[PDB]
Structure formats: structure tokens, C-alpha cells
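In the form solved without the DNA, a lone chain appears below as C-alpha cells.
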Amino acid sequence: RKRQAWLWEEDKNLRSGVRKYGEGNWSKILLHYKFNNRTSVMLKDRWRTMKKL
């Protein structure tokens, strides 16, 4: 438990995808890269979190 987190591939997918596609096109991200349980809000949130570190 402690604190849940995403896996290496999922993080890599988001970072590698969003950076080249756009910070507001989660639909396309989900289309190409596979995820565990993402939709749009999750992708957006986590990306912003990563950006601000």
C-alpha cells in the first residue's frame, strides 16, 4: 500500500506521447498507447503533476 503509482511503460507512454501529440489530446493518446485504467482526466492530471514535479 503506502502510495500507489503507475508502471514504467504507462508513464513512458504518457510522457513520450503527450510531449509530441499535445497537452490536450488524451483521446489520441489512449488510441495509440495502451494504459491500465486511463481515460482523459487521469492522463491530464498525471501529466500536469509530472510537469510541476
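One rule holds for the numbers: they count along the sequence shown, beginning at 1.
Just so it is clear, the following notes concern the form solved in complex with the DNA, a form of the same protein that is not shown.
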Spell out, yes or no, whether the shortest heavy atom distance between residue 12 and the DNA in the entry with it bound is within 4.5 Å. no
Looking in the entry with it bound, any heavy atom of residue 16 within 4.5 Å of the DNA? no
For the stretch 39 to 53, return the residues whose heavy atoms include at least one within 4.5 Å of the DNA in the entry with it bound, in the order they occur. 40, 41, 42, 44, 45, 46, 48, 49, 52, 53
